[PDB]
Asker: 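This structure is in structure tokens; I'll ask about it shortly.
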Amino acid sequence: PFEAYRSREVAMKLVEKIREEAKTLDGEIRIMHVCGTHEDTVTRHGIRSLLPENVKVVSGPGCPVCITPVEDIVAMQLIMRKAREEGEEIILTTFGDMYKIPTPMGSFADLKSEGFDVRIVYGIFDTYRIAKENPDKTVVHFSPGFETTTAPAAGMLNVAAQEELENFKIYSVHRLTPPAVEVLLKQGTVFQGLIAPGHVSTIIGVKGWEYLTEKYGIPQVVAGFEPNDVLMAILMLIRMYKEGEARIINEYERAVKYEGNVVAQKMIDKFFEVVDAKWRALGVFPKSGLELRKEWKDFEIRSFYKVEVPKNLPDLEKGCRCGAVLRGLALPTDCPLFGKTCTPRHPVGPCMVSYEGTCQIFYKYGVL
Amino acid sequence: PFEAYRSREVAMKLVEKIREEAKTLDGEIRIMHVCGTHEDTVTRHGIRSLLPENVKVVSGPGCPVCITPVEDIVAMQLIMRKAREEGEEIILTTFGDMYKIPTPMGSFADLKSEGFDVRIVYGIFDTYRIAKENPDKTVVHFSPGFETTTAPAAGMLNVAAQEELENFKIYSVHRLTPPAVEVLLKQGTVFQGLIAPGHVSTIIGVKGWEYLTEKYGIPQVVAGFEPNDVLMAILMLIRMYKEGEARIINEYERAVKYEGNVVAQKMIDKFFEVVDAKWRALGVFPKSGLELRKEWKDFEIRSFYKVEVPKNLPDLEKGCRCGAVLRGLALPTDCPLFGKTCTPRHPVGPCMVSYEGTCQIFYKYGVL
Amino acid sequence: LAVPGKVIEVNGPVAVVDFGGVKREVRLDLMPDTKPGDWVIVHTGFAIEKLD
Amino acid sequence: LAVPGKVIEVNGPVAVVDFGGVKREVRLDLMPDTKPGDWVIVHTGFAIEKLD
Amino acid sequence: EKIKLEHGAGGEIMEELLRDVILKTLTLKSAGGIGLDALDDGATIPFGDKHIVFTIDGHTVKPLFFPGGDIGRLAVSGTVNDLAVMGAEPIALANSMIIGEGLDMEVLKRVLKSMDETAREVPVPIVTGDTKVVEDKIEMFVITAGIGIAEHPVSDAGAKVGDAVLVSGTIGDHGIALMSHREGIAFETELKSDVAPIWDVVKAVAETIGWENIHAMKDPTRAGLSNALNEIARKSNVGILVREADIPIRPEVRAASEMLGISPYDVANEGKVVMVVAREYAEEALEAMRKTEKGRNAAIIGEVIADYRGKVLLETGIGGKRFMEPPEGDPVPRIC
Amino acid sequence: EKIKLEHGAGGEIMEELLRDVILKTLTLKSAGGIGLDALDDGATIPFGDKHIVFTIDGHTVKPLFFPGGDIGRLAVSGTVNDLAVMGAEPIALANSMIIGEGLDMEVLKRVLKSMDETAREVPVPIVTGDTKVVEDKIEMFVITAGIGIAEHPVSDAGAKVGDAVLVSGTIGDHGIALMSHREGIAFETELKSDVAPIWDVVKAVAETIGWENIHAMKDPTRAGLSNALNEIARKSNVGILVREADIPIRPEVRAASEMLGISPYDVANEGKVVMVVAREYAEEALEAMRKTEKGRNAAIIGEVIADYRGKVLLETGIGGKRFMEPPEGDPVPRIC
Ligand code: SF4
Ligand code: SF4
Ligand SMILES: [Cl-]
Ligand SMILES: [Cl-]
Ligand SMILES: [Mg+2]
Ligand SMILES: [Mg+2]
Ligand SMILES: [Mg+2]
Ligand SMILES: [Mg+2]
Ligand SMILES: [Mg+2]
Ligand SMILES: [Mg+2]
Ligand SMILES: [Mg+2]
Ligand SMILES: [Mg+2]
Ligand SMILES: [Mg+2]
Ligand SMILES: [Mg+2]
């Protein structure tokens, strides 16, 4: 099934069309995607080695774990300690890569080693289950992620209110993709085409990305994650650039609805509200984050603990260029630490730690 | 030094005299010793294989760990549990073999496995030290032993009162050798000569054993522990039997004083009082035990906890004949379990567990 | 890392998806209309969309 | 298992006995008169008698 | 400086430890043949007309039992394979066991049973051993050494430009099955480990195209196929082109690896062999393999090239190109 | 039914496990020579004019470092000795290591250093190995296998009536030193372990009285001299008379053993060899031994007799008689 989407023929055809449309192209065309899964597709399938010298694919900040502020990671840790001293022991769930994310003050794993109960989970439901198995304890899930990950949390929060669970809390560090994309525009990040993230689209649909192509005239293209989805999108983008088009094509129509996914949208709306948030190594982006509304405030772990997070916490270690990698302005290989002191096993920056981290992906796949 | 006491010549001479004095002997002569260290000497050096068919050496109850009542071992365990429930955690010290002594309700080692703090020590001073290193805990030493072991406890109790230590307690299960010897007399245990224990003599001196040779006319002989000490004693005994003598010879004069050791005697008297006590597998012997006087009652661990020890606790496992071994009426090889289900590694009875246990000694040395 | 799977069982919110010889349970909270035979996109244990 | 040792140091109650190349500390509480050069019988870490 | 789990994961980090310490501290490392410095699947010792192959392997897989096998079948399989990829016929096995105080006697019996059944398949006898018991809560560790006789020895450095690269079967089965078993990931039909001795496979190809035409071999255990290949490329100082579309991979393995977020190329295989053969013998070796019960799924996956020496080039399905990076360390814990 | 510390203490209880399970479950146990069933210090494999000796030994001594040696010197020494008592000349060593996550890199280096220094003394190279790292808090385990060539093989069953029994040096040093080190028992001068390769000792005697006159040999490791002797008596089905007064024992060892309440005959020796020689060659073997740096203290301790077959008779100092019982298991924990 979907064999075509991986067909060596379908691919070599798309690659030929792309080469054709570009041999006549002046200057250079830069296409940016904002999804780590797309970066994985591009890199895993060696798509860059199939592109013409004048066509470039750059990875934007498509990694929710990479951009979660250190201030928030430290906060969660401070609250674990604050609870301990208050006799209360908390059960903290986090994703695997987030678990190892470094900060000036250590990671969740460093905490684990101090005798704290930190558990790695694959989803929020895992956390929900732990909540029912441990009533004598407050289970909290450090929740980072974009729309695609926000939804499962917005749904789990519903199933939790009905059940009237009191030990089901989460530290919201959710972010919105479209906003950050605009910010990069207002800041000079160069690219003439945008490969909109497949899954985040599935949620906010093609509709969620329109406000961008209209307010800046940038041709967007919702794409899947098979190698031919991305090759298609690139071709489609090269052409809307050459023909001066400025619209949004839904190449991933098989999985995305124009309106997207209504349930999730309201499901998320029922609990979260767009707010101003900080993106690690990038700055404070306007209306780019999601925090729990005043009502569902009892689900936020911070409504039970107020900690003093030290100021001036550096976002990255000296020498790390993850901030530029996140902007699609730098390649991980440009980094002096890349593959040296920084590797997936012993990461210096967040971009190398994260599964959707561009550095980890480049490292993992031996980029040419 | 003391080379003579181990000399192969000195020995072969004593062995010859003994053979001479016995070739003319009618019936059979039975010499009983009441010290596990003597049994070790006899067995380790193969002395029995050097004796004439009509001369026998039998081991009496010369093992303080073997004869400590199970009721007392269980009591100590019940008190450990009672303290735990009272928030109080106790540090229990015991000797290595005692640590593994079985009872119908398990050993101190079985307790250890339940999370209790049971420590093996080589002497009471070890316990005293633990008391000073753990003031936030009550350190108690299950104290079994004869006069030779009682003294170090009677001395440590002095050094403890002066220091005014409040966490230095001990469960007294001390016993006296001379009394038990009399009991065996009044009960038919057959022997025409008694090798009095070297070290217990060192304490109570030759004087402590006189009341026996006088009230029953049994020729006693205080002996050391070198192979020639025992061979000498045997010869000396054979002759006092043939010549109808009835006195006490101090073959171990180099280490024992007639009056014995005055300090220890009063040192022991200052704290303990001869009382009626039960000997495991043997019965209740009159004025054979030592318990702390009403004053130094604060040193007894039972003055802080009263436990209900279940009745009818069998003294030994079915099939075990340690009771007869202890009386010198049976050889461990007579036992069906000897070397079968019962060995030092996996003991069924106390006689096999104890270092001075006759069964352990026979097993350890491959008796002929 | 989201991958496609064929639904082979539905039970209100829970579902059993087969990803080529590998089955896993998935919450249908965001795809109520899901039903056996369908093909959903699973992200962190949740169905987020069906395929056409 | 009591064994003979030669005293090579006294300090009030404590003492240092050598058992043929092996030294150990012993309480002299029961042999106050002990002093270097002596030979005592040690039982459970206590000197119980000197040798003649 | 502390030892990390990575130092024993068979990847690059472990390579560092070997070079930064082990090979650097040991000074006597050979007996007139392939020695420690070579870091081949085993050592060789000239003995007149033939050579003795010497290999040793510790095993610490957890749990002791898993779909398709156990630590016992793994011990015999691993040692026999290492002798086999050196071109030697198993002669005898030496078995050391370090048992944790408390192990149920039944487990030990079950492990010994599997070892026996596995050993009889070669066949190869276990002529000597050792048994140790520790209080440490380790359950069990199995260390097996093995001696074999090789008429003509094969090393990781014999790969020549133009040669063809083969694998005896599917890749990623043991590592993915064991990982899936851990995360409770259930299957339509359980994914099994492939642990098994494959001397018969090597022997078959040799008994078909002759030893001289088998230029290199290695069982891709810790760190997977990528590691085994990256190791051959480096030592033979040749480049290796592999076509992703020809690498055999079970549907279940592809699926579980994606969910697990790991590559089936970086995980250990316990019943496979990588073989570099003379270009004009590839087809006969392949077919010779296909005719064995354990090589039914063999396949020519690539060729030895002259460019990118010491590296492994991967031609992706859609035709792209990228390096097949040798993992930093095997992704899965206690995989062997 | 659970595995107990005793099952790996080299005594009788371990003999039960071997007979009740291991030998009873493994069915293929030989390669045309001395095999697993013999439970000799190593196995033999006929190879034309000569035989290959194969041996393996795990090591779990704690602490890793102790007076006189360490786990590294012990690994090399133990394997070389087992090859040596079989009558074989060390050819090559195979080294497996199972390191606990967290070990200080310096410890590993120090162990490797000792292994190297020890290996160079034989001399014998370490031609192959394996490295595993576990989360278990075990520090380190060293498993060494070794291959050797024996012109004429020697087994525990060759002892003949009338032969003389010798030991290359003092008995009880390694086990007592290590026990004393544990209980903080201080010395006038520390009691050291004797761990060391003793091939030169065996070789010397052979190069003096010829291999045919060395009827039996065994390094008395776990369970001590009593065990090594009780093992020779049983397999050779002969009786063995030993005169306690002739068994070499350091004053420090006698002293510590008494305080420790254990017999120096039941504890492991790591630098000694028991040798049964033709009655008319005892003196030359003894002297041949006395001329080596490690056999200066050798001594004829007894003779093979016809009575008490399978048992070991001990003639005590004063002239008494008793059996020298094979310990149930080595008294000291983690002695090797
Ligand atoms: S490699 Fe490391 S250090 Fe360089 S930017 Fe990427 S994560 Fe930061
Ligand atoms: S051997 Fe055991 S069982 Fe028989 S009496 Fe002696 S201790 Fe009791
Ligand atoms: Cl391996
Ligand atoms: Cl051994
Ligand atoms: Mg290998
Ligand atoms: Mg190997
Ligand atoms: Mg291997
Ligand atoms: Mg061994
Ligand atoms: Mg090879
Ligand atoms: Mg041996
Ligand atoms: Mg051996
Ligand atoms: Mg050995
Ligand atoms: Mg290996
Ligand atoms: Mg032998």
Side-chain angles (χ1 to χ4, degrees), chain E residues 8 10 14 39-43 53-61 74-86 128-131 142-146 156 174 195 197-198 217-224 227-228 231 268-273 330 335-336, chain F residues 10 34 38-44 53-58 77-88 94 96 128-132 144 146 148 150 153-159 198 202 214-225 227-229 231-232 234-236 268-270 272-276 336:
Chain E
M14 174 162 105
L39 289 182
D40 213 326
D41 299 281
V53 180
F54 193 27
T55 192
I56 191 165
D57 244 333
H59 299 284
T60 63
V61 60
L74 183 65
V76 180
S77 296
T79 295
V80 174
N81 293 356
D82 271 320
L83 282 162
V85 294
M86 285 316 280
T128 195
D130 184 53
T131 304
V142 184
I143 304 78
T144 303
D156 310 321
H174 174 82
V195 58
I198 50 69
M217 281 187 291
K218 175 165 294 295
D219 47 332
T221 46
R222 267 181 291 165
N227 171 84
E231 215 171 304
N269 303 283
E270 303 291 355
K272 308 290 152 60
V273 57
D330 200 306
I335 187 172
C336 49
Chain F
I34 297 173
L39 289 182
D40 213 326
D41 299 281
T44 52
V53 180
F54 193 27
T55 192
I56 191 165
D57 244 333
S77 296
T79 295
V80 174
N81 293 356
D82 271 320
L83 282 162
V85 294
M86 285 316 280
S96 166
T128 195
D130 184 53
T131 304
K132 289 295 195 298
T144 303
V154 180
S155 83
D156 310 321
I198 50 69
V202 176
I214 294 175
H215 303 179
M217 281 187 291
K218 175 165 294 295
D219 47 332
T221 46
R222 267 181 291 165
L225 172 66
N227 171 84
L229 292 180
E231 215 171 304
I232 285 172
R234 289 169 182 162
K235 296 167 197 180
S236 286
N269 303 283
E270 303 291 355
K272 308 290 152 60
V273 57
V274 174
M275 195 184 282
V276 176
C336 49

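Both counts, for ligands and for their atoms, begin at 1 and track the order of listing. Throughout, protein chains are lettered first and strands after them, A, B, ... in sequence-line order, and every chain is numbered starting at 1.
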Asker: Restricting to N, O or S, what is the name of the atom of F:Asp219 that lies nearest the Mg ion (ligand 10)?
Answerer: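 It is OD1 of F:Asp219.
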Asker: For the Mg ion (ligand 7), find the closest N/O/S atom on E:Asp82 and give its atom name.
Answerer: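 For E:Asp82, the N/O/S atom sitting closest to the Mg ion (ligand 7) is OD2.
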Asker: Testing the basics here: between F:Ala268 and F:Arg222, what is the closest heavy-atom pair and its distance to 0.1 Å?
Answerer: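 Heavy atoms only, the tightest pair is CB-N, 3.8 Å.
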Asker: Restricting to salt bridge (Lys or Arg N to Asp or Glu O under 4.0 Å), what partner residues turn up for E:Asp41, sequence neighbours left out?
Answerer: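 Here the qualifying residues are E:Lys218.
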Asker: Work out which heavy atom in F:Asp219 is nearest to a heavy atom in F:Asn81; give both atom names and the distance.
Answerer: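 Heavy atoms of F:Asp219 and F:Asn81 come nearest at OD2-CB, 3.7 Å.
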Asker: For E:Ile335 and E:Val61, which heavy atoms make the closest approach, and how far apart are they?
Answerer: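 Residues E:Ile335 and E:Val61, closest heavy atoms: O-CG2, 3.9 Å.
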Asker: Check side-chain contact (heavy atoms from CB on, under 4.5 Å) between F:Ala84 and all other residues, then give those that pass, not counting sequence neighbours.
Answerer: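 side-chain contact (heavy atoms from CB on, under 4.5 Å) check on F:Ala84 returns F:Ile198, F:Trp199, F:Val202.
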Asker: Residues in salt bridge (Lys or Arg N to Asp or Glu O under 4.0 Å) with F:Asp57, at least two apart?
Answerer: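 So F:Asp57 forms a salt bridge (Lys or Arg N to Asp or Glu O under 4.0 Å) with E:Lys132.
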Asker: So, taking the atom named CD1 in F:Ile34 and the one named OG in F:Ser155, what distance separates them when rounded to the nearest 0.5 Å?
Answerer: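 That separation rounds to 5.0 Å.
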Asker: If I consider every N, O or S atom in E:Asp57, which one ends up closest to the Mg ion (ligand 7)? I only need its name.
Answerer: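 The Mg ion (ligand 7) is closest to the E:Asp57 atom OD2, counting only N, O or S.
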Asker: Are there any protein N/O/S atoms under 2.8 Å from the Mg ion (ligand 14), and if so, which?
Answerer: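 Protein N, O or S atoms closer than 2.8 Å to the Mg ion (ligand 14): F:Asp40 OD1, F:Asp41 OD2, F:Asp156 OD1, F:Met217 O.
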